[PDB]
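Scroll down for the structure; my scribbles are underneath it.
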Amino acid sequence: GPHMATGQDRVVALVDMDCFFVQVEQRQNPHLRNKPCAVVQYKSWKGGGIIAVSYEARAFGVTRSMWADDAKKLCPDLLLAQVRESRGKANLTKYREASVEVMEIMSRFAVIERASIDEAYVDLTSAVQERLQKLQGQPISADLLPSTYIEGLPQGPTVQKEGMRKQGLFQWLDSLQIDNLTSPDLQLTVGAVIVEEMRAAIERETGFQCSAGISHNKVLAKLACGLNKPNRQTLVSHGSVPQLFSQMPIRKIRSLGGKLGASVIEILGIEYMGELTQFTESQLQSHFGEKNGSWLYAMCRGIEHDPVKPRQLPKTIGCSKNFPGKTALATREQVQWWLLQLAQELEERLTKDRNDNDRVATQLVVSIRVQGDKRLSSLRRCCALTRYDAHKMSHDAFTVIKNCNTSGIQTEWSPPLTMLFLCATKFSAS
DNA sequence: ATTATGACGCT
DNA sequence: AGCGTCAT
Ligand SMILES: Nc1ncnc2c1ncn2[C@H]1C[C@H](O)[C@@H](COP(=O)(O)OP(=O)(O)OP(=O)(O)O)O1
Ligand SMILES: [Mn+2]
Ligand SMILES: [Mn+2]
């Protein structure tokens, strides 16, 4: 009853760019705008691999991970933009720099947690409190929420999507008690007003559109974000959770998309997030461990406490390349040349990072994969990163891996390497 | 031959 | 530390 926490203490948003790498390429090249188009890396093997798809192209069935030649079978007029290649490898710098553009705009409104190259969480609790005093018990006009969906509405007592959106929004606003400065629903609404403003700023100042979710925690905010994409934002209230979760596959919730989620389904014989409410906390802890069990018990009730961490910059800087099938590295000279290529891109990014962000990495992590293994990584070894010098870093990387070579022969490498990875970690201020 | 990343958990 | 999981 009165002592039962409801996880309504915070206002959290998740802002996620719409078909991000595609929009970066469409800003650069106007011919690609408002077209079925995708971003591809490499070209020689089956037209290259698709890593981003415009909403026009999705309508034809084009998806991420599809080969471009296969995508063209679904969409013959599909337009393609290629990822830049430097030192023999895909180079994602243009998209990292576009990410920074967006992150710096978001940071003007609130402290953000960078969650990926194209999304960040926002803790809006304080900003909401401030806007609420500005408002002075003034009602929130629908005009302040021109792209917002209220999940679960309209309900009860109609043909257009925008018409439905506004119907739901009006039901929501009509019910709001604006007199209470601590009503969670009011706080979420004001949160949504601020995110409309954030999203307008991102679009005005970069040309990029995005979607967003507004709720009381990160997991619900992310789920909300995807409910109405592209170019829209969705408010998921605490009250909307039982209906929303009653038909929500468990795999849809962040962190449950893999083996744990499959185990929840198999062991408990359920399909939907809401079905978890029928287990005790101890029951869930018995199956899934103390931490997961407690997390699941609260999460299926819409409650989660993971903070929006104040971190805008990535914690690691890495450079990775696969060498699939017959391209696998089988000579020492091969392995050394590619370590140098990776090390050279790493040095470039590290040096820029040091100038921009007043920090220095102190540890170099080296990872490889060997033909036959189908783990992502076969071996991970660390060494000291004492200077930003590609020749030194690549020599050091070779040193820490060179005894993986089963070859009795100096010059040959066996088994061949199907992946190399250099990652700079453990930053210190400088 | 679903690539290039990047965060966090376990022991 | 080195490995595994989950993510975009
Ligand atoms: N598995 C991947 N491999 C390589 N790059 C990826 C992968 N997933 C995502 N990316 C890149 C390209 C994406 O444009 C960008 C953002 O990813 P994501 O938010 O999942 O989709 P998206 O922004 O392209 O479309 P949308 O978010 O509108 O569905 O990150
Ligand atoms: Mn996105
Ligand atoms: Mn994303």
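Counting convention: from 1, in listed order, for ligands and their atoms alike. Atoms considered below: every heavy atom in the structure, side chains included; atoms not considered: hydrogens, waters and symmetry mates. To find a chain, count down the sequence lines: A is the first, B the second, and so on, and within it residues start at 1.
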**Prompt:** What protein heavy atom is closest to atom 22 (P) of ligand 1, reported as residue, atom name and distance in Å?
**Reply:** A:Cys19 CA, 3.6 Å
**Request:** Tell me which protein heavy atom sits closest to atom 4 (C) of ligand 1, plus the residue, atom name and distance to 0.1 Å.
**Result:** A:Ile51 CG2, 3.9 Å
**Prompt:** Under 3.5 Å, is there a donor-acceptor pair between the A:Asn228 and A:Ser211 side chains?
**Reply:** no
**Message:** Under a plain distance cut-off of 3.5 Å, with no hydrogens placed, do A:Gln209 and A:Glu203 share a side-chain donor-acceptor pair?
**Reply:** yes
**Asked** Using heavy atoms and a threshold below 4.0 Å, how should the contact between A:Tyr55 and ligand 1 be classified: side chain, backbone, both, or neither?
**Response** side chain
**A:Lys352 atom NZ: more than 12 heavy-atom contacts under 6.0 Å** = no
**Whether A:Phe21 and A:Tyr95 hold their rings parallel, tilted or perpendicular, with breakpoints at 30° and 60°** = parallel
**Asked** For atom 16 (C) of ligand 1, which protein heavy atom lies nearest, and how many Å away is it?
**Response** A:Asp118 CG, 3.3 Å
**Item:** Proximal atoms of ligand 1 relative to A:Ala52 (non-hydrogen, under 4.0 Å)
**Value:** 14 (O)
**Asked** How does A:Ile117 reach ligand 1, by side chain, by backbone, by both or by neither, if only non-hydrogen atoms under 4.0 Å count?
**Response** side chain
**Request:** Could you tell me whether A:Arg131 and A:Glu197 make a salt bridge, using a distance below 4.0 angstrom between a side-chain N and a carboxylate O?
**Result:** yes
**Request:** Go through ligand 1 atom by atom and flag the ones less than 4.0 Å from a non-hydrogen atom of A:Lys229.
**Result:** 26 (P), 27 (O), 28 (O)
**Prompt:** Does ligand 1 have a heavy atom under 4.0 Å from the side chain of A:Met17, from its backbone, from both, or from neither?
**Reply:** backbone
**Message:** Strictly below 4.0 Å, N to O, side chains only: are A:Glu162 and A:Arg165 in salt-bridge contact?
**Reply:** yes
**No-hydrogen, no-angle side-chain donor-acceptor test under 3.5 Å, A:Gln363 and A:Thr425** = yes
**Asked** Between the side chains of A:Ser394 and A:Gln336, does any donor sit under 3.5 Å from an acceptor?
**Response** no
**Request:** Identify the protein heavy atom lying closest to atom 11 (C) of ligand 1, giving its residue, its atom name and the separation to 0.1 Å.
**Result:** A:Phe21 CZ, 3.8 Å
**Asked** In the protein, how many N/O/S atoms are under 2.8 Å from the Mn ion (ligand 2)?
**Response** 3
**Message:** Checking contacts here: is it the side chain or the backbone of A:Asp16 that comes within 4.0 Å of ligand 1, counting heavy atoms only? Could be both or neither.
**Reply:** side chain
**Asked** For A:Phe20 and ligand 1, does the shortest N/O to N/O distance drop below 3.5 Å?
**Response** yes
**Message:** Heavy-atom distances under 4.0 Å decide this one: backbone, side chain, both or neither, for A:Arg58 against ligand 1?
**Reply:** side chain
**Message:** Less than 4.0 angstrom from a charged side-chain N to a carboxylate O is my criterion; do A:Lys72 and A:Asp69 meet it?
**Reply:** no
**Request:** May I ask you to say whether A:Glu345 pairs ionically with A:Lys321, meaning some side-chain N is under 4.0 Å from a carboxylate O?
**Result:** no
**Request:** Would you tell me whether A:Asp185 and A:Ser237 have side-chain atoms, one donor and one acceptor, within less than 3.5 Å of each other?
**Result:** no
**Request:** Measure from NZ or CZ of A:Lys166 to the centre of the six-membered ring of A:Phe170 and say whether it is under 6.0 Å with the direction within 45° of the ring axis.
**Result:** no
**Fill in**
Looking only at protein heavy atoms, what sits closest to atom 2 (C) of ligand 1 is A:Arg64 CD, 4.0 Å
